[PDB]
Structures are given as structure tokens and as C-alpha cells.
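> For reference, the structure I am asking about is given below.
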Amino acid sequence: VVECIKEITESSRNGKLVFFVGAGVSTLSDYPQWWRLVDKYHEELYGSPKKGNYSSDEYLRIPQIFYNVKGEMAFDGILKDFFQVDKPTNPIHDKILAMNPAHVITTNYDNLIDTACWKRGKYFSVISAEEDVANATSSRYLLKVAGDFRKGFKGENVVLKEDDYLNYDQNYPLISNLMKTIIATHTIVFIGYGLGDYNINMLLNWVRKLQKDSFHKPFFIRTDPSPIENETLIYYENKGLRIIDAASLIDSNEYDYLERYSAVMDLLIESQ
Amino acid sequence: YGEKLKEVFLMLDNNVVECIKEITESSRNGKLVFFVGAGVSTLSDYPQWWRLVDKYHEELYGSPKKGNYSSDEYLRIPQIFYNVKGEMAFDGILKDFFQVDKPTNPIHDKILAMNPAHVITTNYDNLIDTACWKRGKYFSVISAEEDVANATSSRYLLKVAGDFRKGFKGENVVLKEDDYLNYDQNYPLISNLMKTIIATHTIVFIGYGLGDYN
Amino acid sequence: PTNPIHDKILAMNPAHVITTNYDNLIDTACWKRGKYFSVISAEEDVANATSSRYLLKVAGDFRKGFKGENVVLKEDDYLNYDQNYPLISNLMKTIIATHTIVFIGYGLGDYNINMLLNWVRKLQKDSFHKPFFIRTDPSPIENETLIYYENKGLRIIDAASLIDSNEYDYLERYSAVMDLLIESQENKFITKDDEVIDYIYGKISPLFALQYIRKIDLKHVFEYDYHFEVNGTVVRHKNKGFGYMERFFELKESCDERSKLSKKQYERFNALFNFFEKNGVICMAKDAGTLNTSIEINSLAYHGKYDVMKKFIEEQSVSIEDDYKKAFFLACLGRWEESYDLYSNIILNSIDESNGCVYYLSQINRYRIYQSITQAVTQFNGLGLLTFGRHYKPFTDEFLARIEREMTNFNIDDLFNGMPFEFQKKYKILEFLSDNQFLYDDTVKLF
């Protein structure tokens, strides 16, 4: 338990700590979520909103029909209206940056991590697309796997639709290869990520399903109001991941993600 | 009843008329293949795969998950049961619910009466076999990999998902998540045969949703 | 022009021919002999089909023009093969997995064989039928290579171990290998007496279940090799090899010639002798002297003894064949509704069992009884009271409603085609029962 935190400190000691961040480090600063976008497309697609349970297929498909019939101007316009908002940095970002990791990998389309890096003075090499890897300028990297809006708010610079998710291996091969090498060479700690997200439910599943026992186990920071159960913990230990529970130490209510995040990150930082 | 159908045809969109004409033309030449799914199985009150998941979730923990389960727990729960709690109790549970015998529904006979040269099913229950027995149509059942070479017929009842003919065991059927990812490596010939059948025939889907995996 | 090897390949009655050849000589050879094949060389041709046989030109042909895009020659066309031609690969896999493949005219390397040996063997489980290979190199294959290519999943029939030929005489080697098969479709190789009895048995044993086989019909048993006379003689008509039917009578007549047989052939010969005596085949044509024949029908339906049948029906059953006879007796007595139920029960019960002579005949009888009940009810309810001076309604609405749903469609012209392949090979003999023209070959001769 605590020895895992000690191992994390040893990893952060020399050169081998890499933080994998996700949507949990983005909701804190109130960057608008994806489901509100999904509802916005539905507003013009069908005519009236709905609610209830539907397949995650439909969740990811609703943008696809809008892409097919409306075209591309409407998609770009909706994206431009929805994301063109400036937000400040919640303290989790600087909490991550104070750890001084060798590399940090993100799936967010956001720019909060870049702004935080600029604020802290840590000059990195942001890699955002195919052409950027050829013109790398340093060693430490800021890899945005899912693409970003540096050039503009268009539908071709980011992965949002179904086809883009199904054509990743034929449109971003260098990014995939660099990510594979990064996870192979350095110890990985996951924070702020969900457990049903296709990005970190396949990129551990497929890669670790075929490998040998010479691999470094990655770490995941949980975010859920209830503490995890035992059987799930064991079966995930089988899959090759270690889980640092966020509800086995602190007790709170069901709308206080920020405090659990801060508690876990402060616990990790305390061993300095 | 015929006049009601005539009126329906009168208000039918011409696309439906064209589709039924094409289906009849294909059926007259013996070039039709039906795809039976879950709906034709739940018509006859056969146990579904949501009660099985709920008992799988009952053995662990104390009570069923309050609210909708998840979009991810559905496939993960049986794998957890098989992996961490034991590979032997899986067969016991499967024999517990998947043994009850139920009789055939009229839709099975309607499907079979159309001269369906080849039938492809993703059902792991042999009721269509009973319908074939009663209607007197000889179909060669392809359960596993070792039956594509010894098929003693020119008509195929291809059970892609695998059946329980050889026994109620967890290795003869594809139910778990691990049995889905490692599918193109364990069942090559069956997939190849299904693709070939689909390529050179006319496929009619029945009893499927609009967001199923297959 | 077309070389004789193409003719020898086609004379082997193959179900499918797959060639990696850009050429069209195989198409011309198929055209000349009158065999019709559907040519598939592009993706579109997979959809249309229009035949039950395929000449799968995997590498394409120049039929649509002499252009580089209809054939696979360059390296760019070999690395994008899977992406460019999806359907042809799948058809090739299915055909190779279902049938038996006999490679001809291939080197042991030669690119194309390597993908087959890579995918068919390694990725598949042990559910394979091993393909054959015909090698035609001058030097004999060394024994160390043979073990490797056998373990990879190929049988090899080397030509150098068959006939000694010079370096450049390829045609003689191919001819020797092909005539070892086409010559021995199985008439000329037969020399020992252990082959004659077994060859007769392998074709007559299936007909042990039935009670009588027509003589004018036994020709189809022996693929037109002999004419079987109605009187009880046989005549040689097409058998070009050592006469397997002539030797049987020579064995039958003698007393000590039978002695040089194993302990197992004696019983088989006795069984064949009993079958031939029961059916009525007597002896050779030349030795056929006095041939007085008495026809004796044993079925109780012919003799018109209605008292014994009634006792028989109301008695415990012992086997499926006994129930099949009871079904015919009930139909003879006129109790059609019970006969239909008994036939349906027999069909349900006997579908699990082995060779379906009972199943097929029961299906035919059920359909005939359905025709009879329909034709009876139409005339009864048409003529009404005028028939027997009484408004007699024989059957109830339950049966009339049930059979209509049970007998929907049910084309019978494909009943023999849907039976298992072993039944089709063994029992081609009963193929004429389904067609409603069976006797239209004897009124021919009444003229």
C-alpha cells in the first residue's frame, strides 16, 4: 500500500515517472463535457431531446449521422461555438507538474496542460500531429494522442467521430509507436481516467494481452464515491494494473471530486 | 386477412414492394440465407443473458447493482467470475439455467417453410434443430471447427456462436469477453465459411437489434 | 493448342478447377469437351455466379483486355493482394477447406504454395484433410525433404519413383502419374480374388435393407458396366477391365476354388450368393440354358387376406421397419388419418439413425397419402349426398386444417437432392420414385 507510494517516489527520483492524464483533470476546471456536445447535435438531428439508457454505440454514433448528412460546416461551427472558452487552472494541474515527470500523455483536446507548463516555466516539446514528431526539438515530451486545436477548430485535426476511432492505426502510426515506446521504457501512473474509456480499456488490453513477463506494472488512481471491491481488485491485478484506491483513505460525498483528487495527489507528494 | 394485407400493400411505400419482390425472386431460385438472432429465441421464453449476468453479480457482493448495470460491466462480470472465483462453477450455473426445454414457436416454422437453403444462427440453443426435425428438412449442423470437413450435406445450419451439443461446458461456446477477442484465432474456418456464404447469396436478417455486436 | 494433360485433368470429373494461370487454354479445353464452367477472375463475377461449378482464375485473365490491371504480375500487385482481391481469397480458402485438393505442375517452392503452407497448416487446428502434391522433377526426392513437407501438411507422390525417364521428357512423367489414376478408376488393376468380392460387396451391401431390386434397374448399380436381362442372364456392355461380374459365377459354380479365401470373405460371399438367389440373377449368358422362372409375391396386400393384417396392426411393435410395414397396411385398409400420424411419428423417430432408406420412403409415402386425402375430400365434398345416397362427411376439420399448415409448399422434386451425399451415392437407385413419371418408360415398349 504505502510501499507502492514509495515505489512511485523511487520512480520519480531518477527519470522513470510518466503521468497519464485524462478527462478527470479536465472536468475540474469546468471545460465543457462531451455529452453536452452529443446532446447539441441531437438537438438539430432529431428535433427534441431525450433521456434514458442507450448503447454506447449510439453515444459514439450520434455525431456520425450529423457528419454524414449535415456535412462539415455545421460540425466545425458547433465545435467553434462550444470550445472557444477560456478557463483557469485547477490546482491538480500544478500538483501533477510539481512531480517533475519525464513525460506526460493526455487524451484531452484541451490546452490547460500547455498553459500550466508555460506558467511553471517547464519548456516541453508538444507533439500534436504527424508532422511534429519529425521536427522534435527536445527530449521531454507533451504527447497529445487525440489531437488538438492548435491550427483551428476543424473536424480533421481531432478524433471525435467513429471512423476516426476505427482508422487510428492508418492515420496516426507514428503517435502510436511513440506512445508504445514511452509506456515500454518508463513507469506509468494513471490519474483522472475512467474505467470504460475505450482509450485506456484497449491500449492496456491489446498491448498487454500479448507480451512477456518483462514489463513494468502501471498504476491507476481511482475516482469514485465508493471504494472498490475485492474481487474486481484481484481480477485487475491479473490484467497487469495496480490500483491505488481513493476512497479507502478519505471519506466524502458524491459531488466532491476535487477533494478526493487533491487528497490523493497530496498523499503522493508528501513523500518528498 | 388477405384483404388487410392488400390494403397494407396499397399504403405500402414502394421500397417495401421492391424489397419483397427481390426477396421472392431470390427465394424462387434457391438463393436465400436467413440470420436468426436473439429475438426468435426470446419469443419462446428461453432464458436471456441478463438474468445470467444478475446471478453472476449475486455470487460476488451481496445484492444486484442498483440502477442500470453499465455499458462495460456486462462483458466484464462473467470474465471476473470465470477467472477469479473459479472455472468449475461456471458449468454448474450454465447447467442450472440453460437446461430447461421449451417448445418451438410458429415463427420458426414460418422461417423454415420459405426454403432457406442455408441458415446461419448466433443462438447457442438447439430449437431450430427441433423445427428442422419436425418439418423434415435435413441440415448438417456445424458446431465447432472439427465439423467443416466432415459435413455430409450441401445445406448448412451454421452455429457461429457455438452450441451445447457436445456438453454443457464453458469451452464449447463463446460467452466470455476473452472468448470474443480470441475469436479469429480459434474459429477461422467457420468465419471463412460464413463470409463466403454471405458473399454469394442474399442475406435476410431477423431477430436482431440495430446495435448488436455481430 | 491444348496439350493432352488438360484433357486428362478434365477426364477426372473434377468439381472445381483453380488455376494460377493468366492463360485461357484451360478455358478452351473445358469448352471443347462440352463441360460448362463459370469463370471467375474479377470481384464482380463472384456475385453473379450463374453456375454450380467455378473455374477460379486467382491471378486473373486478359479476357477483358491486354492490360496490366486485370492480372497480378508486378510486386505492387503482390503486396496489396489482400486489400485488392478480398472475395477471391475467401472463396479459395473455403474451397480448399471443404473439398480434396490435388496440386499439379508446381515446384516445391513457387511463391503461391508458400502462402498455402503458411496459412492452412499453422493457423488451423487438426481439422484438416491433407492435400496431395504431384512432383515432376527428374532427380528423385531425397528422403529428408519428404519428412519436412509431410509434416508441413502435404502428401507427395513423386514421379521419379514410377517411371525412369530422361531429363527433358516431362510429358511422359505427367502422363504416367495421370494414367496411374485415370486408368485405375477401378477396372484394370483388379487382379486378386480379394478385390472382386469386395468390389461387388461395396456396391450391393447398401441394398440389403430393401426387399427386392428390379433387374432392369440393377444396371445403375454397376454404372452401366453390364446389361442385366429380365429372364436372368447378364451381358458385358462397357466393363473394359477384368470382369468383376463374370468371375463371381465362376467362383460360385466351383467347390474348391472358394478355398483360397480368408476367413472373412467366406461369409461375405455367402451373403452375396443369398442376395443374388433371392433377387433372381442366375448365371452367365453363354451357360444360360433352362431358365424356368416362377414369380412369387409374398406381401399380404396382394393376396387379399384382410383378416391377418387386422391382427398384425393391433400388436406390439419391435422395430422401425415393422412400423413402416404397419403404416402401409393401415393405408391399404383405408384408415388414412391414422396412417398419416404413424408416418409422421416414424419420420420424427428415425431422423437420428443411420442410412435413411426408411426416412426417404416414409417421406414419399406421406406425400402420396396427402395427395390421396386431398383428392378424396375434393370429390366427396363435391358430389355431396349423390355419391352413396348420404351426406357422408368422412374426416373432421382438425385433420384438414393441420395438413394444410404441415404441407405448405413442400416441393418434392428436390427431396433426393437434399439427402446426404453417402445416401446419394449408395441409393441413386431409388431416384425415380420422387418424379411422377416413373412408369413412362414401359408404355414406350407397349407400342
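Naming works like this for the C-alpha cells: A, B, ... for the chains as they're shown, residue 1 at the start of each chain, ligands 1 onward in shown order.
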Residues near residue 406 of chain C, anyone? I mean within 12 Å using only C-alpha atoms, not counting same-chain ones fewer than 3 positions away, as a ChimeraX atom specification.

/B:106,109-110,112-113,131,134-136 /C:340-341,344,366-367,370,399-403,409-410

> Would you list the contacts of residue 160 of chain A as a ChimeraX atom specification, taking every protein, DNA or RNA residue within 12 Å and counting only C-alpha atoms, but skipping same-chain residues closer than 2 positions in sequence?

/A:34-35,37-38,59-64,67,75-76,79,107-109,146-148,154-158,162-168

> Tell me, in Å to one decimal, how far atom CA of residue 19 of chain A is from atom CA of residue 192 of chain A.

10.1 Å

> Which residues, written as a PyMOL selection string, have at least one atom at most 10 Å from residue 208 of chain C, with only C-alpha atoms counted and residues fewer than 6 positions away on the same chain left out?

chain C and resi 271-272+275

> Give as a PDB file with N, CA and C atoms, in the first residue's frame every residue of chain A that touches chain B within 9 Å, counting only C-alpha atoms.


ATOM      1  N   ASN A  53     -31.465   5.083 -21.109  1.00  0.00           N
ATOM      2  CA  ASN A  53     -30.343   4.197 -21.378  1.00  0.00           C
ATOM      3  C   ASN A  53     -30.303   3.828 -22.853  1.00  0.00           C
ATOM      4  N   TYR A  54     -29.113   3.922 -23.439  1.00  0.00           N
ATOM      5  CA  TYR A  54     -28.898   3.536 -24.825  1.00  0.00           C
ATOM      6  C   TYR A  54     -27.478   3.013 -24.954  1.00  0.00           C
ATOM      7  N   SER A  55     -27.245   2.240 -26.011  1.00  0.00           N
ATOM      8  CA  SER A  55     -25.944   1.616 -26.202  1.00  0.00           C
ATOM      9  C   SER A  55     -24.865   2.679 -26.351  1.00  0.00           C
ATOM     10  N   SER A  56     -23.672   2.385 -25.826  1.00  0.00           N
ATOM     11  CA  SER A  56     -22.533   3.274 -26.041  1.00  0.00           C
ATOM     12  C   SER A  56     -22.238   3.425 -27.524  1.00  0.00           C
ATOM     13  N   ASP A  57     -22.670   2.451 -28.329  1.00  0.00           N
ATOM     14  CA  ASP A  57     -22.621   2.596 -29.774  1.00  0.00           C
ATOM     15  C   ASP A  57     -23.327   3.874 -30.202  1.00  0.00           C
ATOM     16  N   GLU A  58     -24.574   4.065 -29.761  1.00  0.00           N
ATOM     17  CA  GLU A  58     -25.314   5.273 -30.119  1.00  0.00           C
ATOM     18  C   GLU A  58     -24.631   6.516 -29.570  1.00  0.00           C
ATOM     19  N   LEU A 195     -12.845   4.045 -16.336  1.00  0.00           N
ATOM     20  CA  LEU A 195     -12.564   2.624 -16.494  1.00  0.00           C
ATOM     21  C   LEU A 195     -13.311   1.999 -17.660  1.00  0.00           C
ATOM     22  N   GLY A 196     -14.155   2.759 -18.344  1.00  0.00           N
ATOM     23  CA  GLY A 196     -14.855   2.246 -19.501  1.00  0.00           C
ATOM     24  C   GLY A 196     -14.397   2.954 -20.755  1.00  0.00           C
ATOM     25  N   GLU A 229     -14.232  -2.846  -4.741  1.00  0.00           N
ATOM     26  CA  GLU A 229     -14.418  -4.124  -4.076  1.00  0.00           C
ATOM     27  C   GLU A 229     -13.176  -4.997  -4.243  1.00  0.00           C
ATOM     28  N   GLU A 231     -12.918  -8.483  -5.302  1.00  0.00           N
ATOM     29  CA  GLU A 231     -12.816  -9.370  -6.457  1.00  0.00           C
ATOM     30  C   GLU A 231     -12.379  -8.606  -7.701  1.00  0.00           C
ATOM     31  N   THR A 232     -12.946  -7.415  -7.911  1.00  0.00           N
ATOM     32  CA  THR A 232     -12.534  -6.572  -9.027  1.00  0.00           C
ATOM     33  C   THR A 232     -11.063  -6.199  -8.914  1.00  0.00           C
ATOM     34  N   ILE A 234      -8.648  -7.920  -7.480  1.00  0.00           N
ATOM     35  CA  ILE A 234      -7.819  -9.067  -7.841  1.00  0.00           C
ATOM     36  C   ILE A 234      -7.815  -9.277  -9.348  1.00  0.00           C
ATOM     37  N   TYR A 235      -8.989  -9.210  -9.982  1.00  0.00           N
ATOM     38  CA  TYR A 235      -9.046  -9.506 -11.410  1.00  0.00           C
ATOM     39  C   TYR A 235      -8.301  -8.448 -12.213  1.00  0.00           C
ATOM     40  N   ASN A 238      -4.664  -9.183 -12.022  1.00  0.00           N
ATOM     41  CA  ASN A 238      -4.339 -10.179 -13.038  1.00  0.00           C
ATOM     42  C   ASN A 238      -4.078  -9.528 -14.392  1.00  0.00           C
TER      43      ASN A 238
END
